[PDB]
């Protein structure tokens, strides 16, 4: 059964971020996801978000993709953003969210896969249905990204836009 419940979406905090020394379009980040050690993440947002806005930034991360090396750096998660050709916006968790908080969906209960099998293209089948609301709230087929007891996740200005 393929729906968003397969995904392991968690709240995290960017501890530190720096530009990739051999790639101007990528950032290398150390992210606190509530685990014992931080996770290293490689994100292509240099041309959209100033470095100063990355430090101690609360984000939403896809955590069960198979780790892959990006220009020589092992990326262990993906930062979720609302995106269009003109601009990109990092999705924001509700106030009070802390690293490790999990995102759940009202209509899609279930446990996420231990690790998404790249050969099955599961992320690829779910991603197309992820999009923000008319109210800029992040959703999967219209069902809001929820942090139980805290609120919903949202973009700042991008409504009705895909999420990647």
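Numbering follows the first chain given and starts at 1.
Higher mean CA B-factor, judged across 48-56 and 129-137 from the recorded values: 48-56. The mean C-alpha temperature factor is higher for 22-30 when 22-30 and 59-67 are set side by side. Across 112, 38, 100, 118, the entry's maximum B-factor at the CA atom is seen for 118. Split the chain's modelled residues into thirds by C-alpha temperature factor. Residue 163 is in the middle one. Ranked within its chain, residue 77 lands in the lowest third, by CA B factor from the PDB record. When the modelled residues of the chain are ordered by C-alpha B-factor, residue 90 sits in the middle third.
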